[PDB]
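Visitor: Let's see this in three dimensions:
(one chain, ligands or ions: 1)
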Amino acid sequence: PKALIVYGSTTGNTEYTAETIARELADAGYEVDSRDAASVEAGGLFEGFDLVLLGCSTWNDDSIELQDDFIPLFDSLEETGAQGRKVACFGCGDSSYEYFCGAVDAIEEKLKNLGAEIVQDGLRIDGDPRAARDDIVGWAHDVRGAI
Ligand SMILES: Cc1cc2nc3c(=O)[nH]c(=O)nc-3n(C[C@H](O)[C@H](O)[C@H](O)COP(=O)(O)O)c2cc1C
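Guide: Numbers count the residues shown, from 1 in each chain. Now the structure:
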């Protein structure tokens, strides 16, 4: 199976998360394509992928709390080929904030509205993902199993 991992990361937490997930998948036998949201084009992004994992950090704001690099993707999610696609979301945040990993909720909700198949509840990481290594690995483990 082929998996696409797209992440929006500002300080590198979600990026570390994405790489950890990517390794787990790889070791399981998937061909994984991991990409920074800043370098992708939305049109047909998901074509040909068996699994798509989208991740992004959350930023407190009155309009849009998504990580800046992920915004363009999010705004054109309807052109990615999400209908009937098996997907799962992840993101880093901080429980000291009102909307803890609110970006995860937003992405899941929009994917659900576009007809994607959410395979598992999103991975919401509080603080340093290097300290949540087990959680990431375990979650990656569960999404493979839901596929
Ligand atoms: C100014 C600021 C605002 C933040 N706002 C939120 C927030 O609304 N919700 C959340 O869960 N985390 C929030 N966080 C924490 C970031 O989402 C958290 O640091 C995350 O690890 C960053 O991930 P990244 O390196 O992949 O971008 C904020 C952090 C900063 C510095």
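Visitor: So which residues on this structure come close to the ligand?
Guide: 9-15, 57-60, 65, 67, 92-94, 97, 99-102 (C-beta under 6 Å from any ligand atom). In this view, the C-beta of every residue, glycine as well, is placed from N, C-alpha and C.
Visitor: I'd like to know which of the residues you listed are buried.
Guide: Using 16 or more other C-beta atoms under 10 Å as the burial test, the residues of the chain next to the ligand include 9, 13-15, 57-59, 65, 67, 92-93, 100-102 as buried.
Visitor: Out of those residues, which sit inside strands?
Guide: Assigned to strands by DSSP state E, the following of these qualify: 92, 93.
Visitor: What residues does the closest residue to the ligand within the chain make contact with?
Guide: Relative to the ligand, the nearest point of the chain is residue 93 (2.3 Å; C-beta to the nearest ligand atom). Residue 93 is in contact with 57, 58, 99, 100, 101, 102, 103, 104, 124, 125, 126, counting by C-beta atoms under 8 Å, 6 or more residues apart in numbering.
Visitor: and residue 37, what does it touch?
Guide: 6, 7, 8, 56, 67, 69, 70, 72, 73.
Visitor: Noted, bye for now.
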